[PDB]
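A.B. asks: So I've got this experimental structure, pasted below with the sequence.
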Amino acid sequence: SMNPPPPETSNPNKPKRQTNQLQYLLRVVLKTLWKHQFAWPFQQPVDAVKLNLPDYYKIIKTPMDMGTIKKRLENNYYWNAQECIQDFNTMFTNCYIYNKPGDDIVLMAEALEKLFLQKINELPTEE
Ligand SMILES: O=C1CC=CN1c1cccc(NS(=O)(=O)c2cccc(Br)c2)c1
C-alpha cells in the first residue's frame, strides 16, 4: 500500500526474556495509557492512506505505535524494559517530528508522554 509493512511483533531468532519490569510495562504502563482519552491515534500503526498523510512515511522512517508495543509485550518480544521504553520514546518522538507544536495530535502525545513518565517512575527495581 502507501503503508509500509507494520513493525514486527515477533521474531523467533531475537533473544527475549520475561522480567518483572516488562510485566509492569504491560499490566500497568501500557494498560493505563491504552485507556486514556487521547490513546486512540496511537493504538495502531499510522495509516497514511486512511488519514490522508501521503508524506508520513517519507518523513518517519522508524514508525512505532502502542498497538505494536502491546503485541510485543503480549508476545514477550523484548529482552529488557529499556527496549520497550525505547519503543515508547520512538512513538512520541515521531509525533513531535512529523507535527507542529500545539497541533491537537501533539497535545495528545504530550499528555500521554507525561503520564508515561509518571508511570515509568514507579517501575519496580530489576536484578
Ligand atoms: O502523528 C501521528 C501519530 C499518530 C497519529 N498521527 C497523526 C498526525 C497527523 C494527522 C493524523 N490524522 S488523524 O485523523 O488521526 C487526526 C487529525 C487531526 C487531529 C488528530 Br488528534 C488526529 C494523525
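C.D. replies: Right, received. Where do you want to start? Numbering: from 1, shown residues only.
A.B. asks: Determine the number of other residues adjacent to the residue lying closest to residue 43 once chain neighbours are set aside.
C.D. replies: Distance criterion CB to CB, 6 or more residues apart in numbering; nearest residue to residue 43, sequence neighbours excluded, is residue 67 at 5.1 Å. Any C-beta I mention is one placed from the backbone N, CA and C, and that applies to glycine too. For residue 67, the neighbour count with other CB atoms under 10 Å is 16.
A.B. asks: In CSV, could you pull the C-alpha coordinates for the strand or helix carrying residue 67?
C.D. replies: Assigned by DSSP states H and E, residue 67 belongs to helix 66-74. Only the C-alpha atoms of helix 66-74 are listed here, as CSV (Å, rounded to 0.1, in the frame of the first residue of the first chain):
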residue,chain,number,x,y,z
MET,A,66,1.1,1.4,21.2
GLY,A,67,-0.6,-1.3,19.2
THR,A,68,2.7,-2.7,18.1
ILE,A,69,4.1,-2.3,21.6
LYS,A,70,1.1,-4.1,23.1
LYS,A,71,1.5,-7.1,20.9
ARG,A,72,5.3,-7.0,21.5
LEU,A,73,4.6,-7.1,25.3
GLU,A,74,1.9,-9.8,24.9
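A.B. asks: What is the subsequent helix or strand relative to it?
C.D. replies: helix 81-98.
A.B. asks: helices and strands around whichever helix or strand comes after that following helix, which ones?
C.D. replies: Sequence-wise, the next helix or strand downstream of helix 81-98 (DSSP H and E) is helix 104-121. With contacts defined as 3 or more CB pairs under 8 Å, 6 or more residues apart in numbering; DSSP states H and E, the packing partners of helix 104-121 are helix 31-34, helix 81-98.
A.B. asks: how about 10 Å then?
C.D. replies: Other elements packing on helix 104-121 under the criterion 3 or more CB pairs under 10 Å, 6 or more residues apart in numbering; DSSP states H and E are helix 20-24, helix 31-34, helix 81-98.
A.B. asks: Is any residue of it near the ligand?
C.D. replies: Yes: applying CB under 6 Å from any ligand atom, one finds helix 104-121 touching the ligand at 104, 105, 108.
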